[PDB]
Amino acid sequence: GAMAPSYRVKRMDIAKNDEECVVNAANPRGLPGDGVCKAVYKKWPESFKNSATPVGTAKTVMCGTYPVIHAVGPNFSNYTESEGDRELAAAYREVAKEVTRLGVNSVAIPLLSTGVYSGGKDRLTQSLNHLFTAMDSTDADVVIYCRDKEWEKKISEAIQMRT
Ligand SMILES: [Cl-]
Ligand SMILES: [Cl-]
Ligand SMILES: [Cl-]
């Protein structure tokens with residue numbers, strides 16, 4: 001574990017992370033996709049060998065020795081608010097199991113279901129609170145990656161509210 005497990009947020013491309021493993025905002029089919037998924041495919045294409053996995057699950061594939069945890073959040077265009085909420089919480093619980101099994105001291109994570117899978121809603125608080133529910137019992141340093149300036153501020157405030 002990290003000596004004093006922490007949460008941090010950075011506004012930059014998760015493909016440039018400084019952590020021991022990365023979480024992909026994957027699609028269920030292991031396709032290159034859009035947004036964060038396409039950035040992950042450009043940096044770690046080898047990790048998309050047999051990465052297909054269902055909604056609400058995570059599947060780890062190595063790129064060399066570097067673990068890529070493909071986490072499949074629900075697309076709120078297709079799911080009801082109720083069933084999507086359940087599957088989004090489930091994907092983060094599976095990320096926490098994978099981070100624990102790998103023995104890493106740090107992980108780079110994007111907010112699942114906040115981009116092309118948001119169904120055109122602002123899901124920062126919903127997605128971040130399910131991230132915390134899963135990751136709070138882990139001892140990895142967690143570094144959340146975002147791209148919007150206002151979201152960086154809101155994520156940073158939310159981390160500070162609990163310290
Ligand atoms: Cl960047
Ligand atoms: Cl998304
Ligand atoms: Cl963002």
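Scope of the values below: all heavy atoms of this structure, side chains included, with no hydrogens, waters or symmetry mates. For this chain, numbers begin at 1 and follow the sequence in order.
A 4.5 Å side-chain heavy-atom check between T57 and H70 finds every atom pair outside the cut-off. A 4.5 Å side-chain heavy-atom check between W151 and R11 finds every atom pair outside the cut-off.
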Run the side-chain donor-acceptor check on residues 62-69: report pairs under 3.5 Å with partners two or more places apart or on a different chain.
from : atom 1 : to  : atom 2 : distance (Å)
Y66  : OH     : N17 : OD1    : 2.9
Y66  : OH     : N17 : ND2    : 3.0
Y66  : OH     : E19 : O      : 3.4

Distance-only donor-acceptor hits, side chain of residues 40-47, under 3.5 Å, sequence neighbours excluded:
from : atom 1 : to  : atom 2 : distance (Å)
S47  : OG     : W44 : O      : 2.9

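In this structure, the separation between CZ on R93 and CG on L88 is 10.0 Å, given to the nearest 0.5 Å. Atoms CG and NZ, on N24 and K59 in that order, are 13.5 Å from each other to the nearest 0.5 Å. A distance of 7.5 Å separates CG in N75 from OG in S113, rounded to the nearest 0.5 Å. Rounding to the nearest 0.5 Å places CG of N27 at 8.0 Å from CZ of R29. Atoms SG and CG, on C21 and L102 in that order, are 6.0 Å from each other to the nearest 0.5 Å. Here CG of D85 is found 9.5 Å from OG1 of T80. Values are rounded to the nearest 0.5 Å.
For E87, the side-chain contact (heavy atoms from CB on, under 4.5 Å) test picks out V55, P74, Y79, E83, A90, with sequence neighbours left out. Taking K38 as the reference, nothing meets the salt bridge (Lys or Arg N to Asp or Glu O under 4.0 Å) condition, with sequence neighbours excluded. Legend: residues meeting side-chain contact (heavy atoms from CB on, under 4.5 Å) with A25, ordered by chain and number and at least two apart, are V36, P110, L112. With sequence neighbours excluded, no residue satisfies salt bridge (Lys or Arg N to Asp or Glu O under 4.0 Å) with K154.
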Could you check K10 against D18 for salt bridge (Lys or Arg N to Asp or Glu O under 4.0 Å), going step by step and ending with a plain yes or no?
-> CA-CA 11 Å; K10 298 199 298 181; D18 194 26; 5.7 Å; no
Exercise for the section: Start with the C-alpha distance between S106 and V143, add both sets of side-chain angles, then the distance that settles side chain to side chain contact (heavy atoms under 4.5 Å, CB included), and finish with yes or no. Expected result: CA-CA 8 Å; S106 62; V143 184; 5.8 Å; no
- Task: Might you work through the side chain to side chain contact (heavy atoms under 4.5 Å, CB included) test for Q126 and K121, ending with a clear yes or no?
- Result: CA-CA 11 Å; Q126 175 178 26; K121 288 204 184 186; over 6 Å; no
- prompt: Step by step, would you call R8 with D141 a side chain to side chain contact (heavy atoms under 4.5 Å, CB included)?
  reply: CA-CA 8 Å; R8 295 170 56 231; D141 282 337; over 6 Å; no
message = side chain to side chain contact (heavy atoms under 4.5 Å, CB included) for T60 and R101? Distances and angles first, verdict last.
response = CA-CA 10 Å; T60 300; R101 184 187 60 77; 3.9 Å; yes
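Although no hydrogens or angles enter the test, the distance criterion places no donor-acceptor pair under 3.5 Å between the side chain of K97 and the main chain of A58. In terms of modelled atom types and a separation under 3.5 Å, the side chain of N105 and the main chain of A140 share no donor-acceptor contact.
Minimum heavy-atom separation, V99 to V107: CG2-CG2, 3.9 Å. When all heavy atoms are compared, the tightest approach of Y92 to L111 is OH-CA, 3.4 Å. Nearest heavy atom pair, residue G30 against residue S51, reads CA-OG, 3.4 Å. Between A26 and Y117, the shortest heavy-atom contact is O-CE2, 4.0 Å. The minimum heavy-atom distance linking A96 with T138 is given by the pair CB-CG2, 3.9 Å. In this structure, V142 and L131 approach most closely via the heavy-atom pair CG1-CD2, 4.5 Å.
Tracing side-chain contacts under 4.5 Å through hydrophobic residues (I, L, V, M, F, W, Y), one never reaches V23 starting from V116; they form parts of separate clusters. Neither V72 nor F48 shares a network with the other; the hydrophobic side chains, linked directly or stepwise wherever heavy atoms of I, L, V, M, F, W or Y lie under 4.5 Å apart, form separate groups for each. Under the 4.5 Å side-chain contact rule for hydrophobic residues, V61 and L31 do not share a cluster. Note on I109: it does not cluster hydrophobically with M12, by side-chain heavy-atom contacts below 4.5 Å among ILVMFWY residues. Clustering ILVMFWY residues whenever any of their side-chain heavy atoms sit less than 4.5 angstrom apart, transitively, puts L124 in the very cluster that holds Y7.
Contact check on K149 versus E152 returns no salt bridge, with no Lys/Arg side-chain nitrogen under 4.0 Å from an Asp/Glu carboxylate oxygen.
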